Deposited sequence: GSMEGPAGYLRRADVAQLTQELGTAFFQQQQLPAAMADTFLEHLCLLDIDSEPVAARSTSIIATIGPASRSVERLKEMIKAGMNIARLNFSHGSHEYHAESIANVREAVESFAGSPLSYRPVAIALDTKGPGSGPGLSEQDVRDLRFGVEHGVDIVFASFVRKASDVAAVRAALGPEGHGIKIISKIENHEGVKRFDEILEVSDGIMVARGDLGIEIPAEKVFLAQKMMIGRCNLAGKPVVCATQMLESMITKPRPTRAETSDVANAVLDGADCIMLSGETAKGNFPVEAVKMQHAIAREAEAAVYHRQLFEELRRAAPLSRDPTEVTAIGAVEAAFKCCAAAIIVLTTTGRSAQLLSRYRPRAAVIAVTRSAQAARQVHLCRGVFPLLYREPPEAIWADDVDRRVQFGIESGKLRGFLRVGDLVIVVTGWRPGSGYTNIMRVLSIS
């Protein structure tokens, strides 16, 4: 029964053609949904009750579009998101952190516009986790956003939005200095011929997967759901194809901001992403990712590829990793394991930010530190196992891979352990 679920017959295929032939509509997805859902917050989804339903449906990141709306409006939206998120903080084994992202208005006619400087300052003051920098054309644009965040905004992730021809041409220099990329298809589809956008999407997803950096596919994914309760055949196909391409996050804009079915749009993306993740051809994908990743003498990098390889060998349910900054979880995520990466952290910001990485399920550990560090590490691993059993990831008898370091502080990951559940 196990080998007939989650497209396991199609996963055993020796060719991609044989893999397509073996895809089964009756082979049910078992794994948790890995691709994160970014929902834009607007009038259709601003109430605390609305937001609680959206978190339950699968929203991981809340986007604030600073193109329209006042600072007062956006501060109220942030307060509402935080209130809906913290309403679930009473049960720590099931708490789902939700990141807050600020989408800048952009340079328009102008370098960094004065409104952008004010909006970036607002973001730092309100503790946003991510910034979607609009119309990034070169590496110096990213540096300008980083300087506008100042010394207080060091921890904020900068995701560069590629929306025009120059951004696509200077992609490699932009990616080198950004934390991730957003394929902003709306403006891109106007700046370049509409029929070429899929080429830019596929090239950018490929290069981000190669770099190990998050990539977001955005705009008009379920557009018809703004007025209709069901998406078109092209829309469900578009979402599935962005996941198959290798997108870390999928986004909803007007569908959640102004539409009549914001919760239904989130549920629809959740349903499609789960099916698409099972249809991934891991045999070729893992080989190509493994081959392309450079040789490294960084123990975190070395332990990560050992852990992903071991997870494939035993069909591990999860890889539990201890992380301070999210880096150890991100290095596991780049090799695209089929096993869920349960990241246990004390940093609330790192817990929200790891939603950018496909397959990372953040767990915020709130307990106070133990006297003996080894015991504190062991307690955090047990917390990961308990939350895993509670959320359905783990069952007794399952194998898990545990990734830890030899000393406290970030950057010392070097241990991988094979563990039997209970």
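**Q.** Chain regions without C-alpha coordinates, deposited sequence numbering
**A.** No C-alpha coordinates exist for 1-24, 135.
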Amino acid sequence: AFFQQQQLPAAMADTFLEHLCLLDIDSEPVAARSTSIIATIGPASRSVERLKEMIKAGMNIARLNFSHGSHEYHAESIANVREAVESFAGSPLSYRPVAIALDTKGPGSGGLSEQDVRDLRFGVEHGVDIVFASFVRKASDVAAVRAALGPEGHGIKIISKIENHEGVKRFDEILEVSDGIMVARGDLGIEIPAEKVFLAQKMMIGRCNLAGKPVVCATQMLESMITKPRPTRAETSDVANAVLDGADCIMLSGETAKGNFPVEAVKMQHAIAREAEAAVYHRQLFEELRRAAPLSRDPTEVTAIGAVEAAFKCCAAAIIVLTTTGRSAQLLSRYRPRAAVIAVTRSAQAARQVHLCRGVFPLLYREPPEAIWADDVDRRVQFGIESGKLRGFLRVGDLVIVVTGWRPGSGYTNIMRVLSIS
From here on, numbers count along this sequence of modelled residues.
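Think of the rigid core as the biggest set of C-alphas that the two forms share within 1.5 Å after superposition.
Q: Any chance you could tell me whether 80-88 or 93-101 drifts more in 8 other deposited structures of this protein, judged by RMS CA distance from this form after superposing on the core?
A: Between 93-101 and 80-88, greater C-alpha deviation in 8 other deposited structures of this protein belongs to 93-101.
**Q.** Of 137-145 and 338-346, the stretch whose C-alpha atoms average the higher B-factor in the entry
**A.** Averaged over C-alpha atoms, the B-factors run higher in 137-145.
Q: Take the C-alpha B-factors listed in the entry for 298-306 and for 254-262, compute each mean, and give the stretch with the larger one.
A: Of 254-262 and 298-306, the stretch with the higher C-alpha B-factor average is 254-262.
Q: Just grab whichever of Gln353, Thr35, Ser67, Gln382 has the top CA B-factor as deposited.
A: In this record, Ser67 carries the highest C-alpha B-factor of the candidates.
Q: Name the residue from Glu195, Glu277, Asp248, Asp129 with the greatest C-alpha temperature factor listed in the entry.
A: Largest recorded C-alpha B-factor: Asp129.
**Q.** Relative C-alpha B-factor of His74, binned into the chain's lowest, middle or highest third
**A.** For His74, the deposited C-alpha B-factor lands in the highest third.
**Q.** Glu176 - which third its CA temperature factor falls in, relative to the rest of the chain
**A.** It falls in the middle third of the chain.
Q | Entry-reported Cα temperature factor of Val98, expressed as the chain third it lands in | A | Middle third of the chain for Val98's C-alpha B-factor.
(Q) Ranking the modelled residues of this chain by C-alpha B-factor as given in the entry, is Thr219 in the lowest, middle or highest third? (A) For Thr219, the deposited C-alpha B-factor lands in the middle third.
Q: Classify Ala184 as lowest, middle or highest third according to the C-alpha B-factor given in the PDB entry, relative to its own chain.
A: Ranked within chain, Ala184 CA B lands in the middle tercile.
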